[PDB]
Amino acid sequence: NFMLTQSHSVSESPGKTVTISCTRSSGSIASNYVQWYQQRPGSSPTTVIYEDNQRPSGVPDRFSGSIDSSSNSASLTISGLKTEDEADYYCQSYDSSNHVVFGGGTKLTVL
């Protein structure tokens, strides 16, 4: 029953810090758990962040999730940007009826 608005695309140079936003149109973005998925070209999506900021085993501590009460959005921050980090990133959450909503995705480019 709501939308999750992300950034269309983000570019950045290796070694730097990137932060992708995911804004919820209605209701507190903190009402339901926010997951983040990475989708490398020609590969299926994998979970990089779940439950707002928990990291599945394997995923380097370079990925970190946070929720910004200030602007009603979730955010994915990548530190020490690497070339393999290039891919599409999707945020996802639920509404009170347990429906699944995906953001439109954010293609991150490593220059």
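Residue numbers run from 1 along the displayed sequence.
- As recorded in the PDB entry, 24-32 is the stretch of 47-55 and 24-32 with the greater mean C-alpha temperature factor.
- Once the C-alpha B-factors are averaged per stretch, 7-15 and 85-93 rank with 7-15 first.
- When the CA B factors of the chain's modelled residues are split into thirds, the value for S73 lands in the middle one.
- Sort the modelled residues of the chain by CA B factor and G65 lands in the lowest third.
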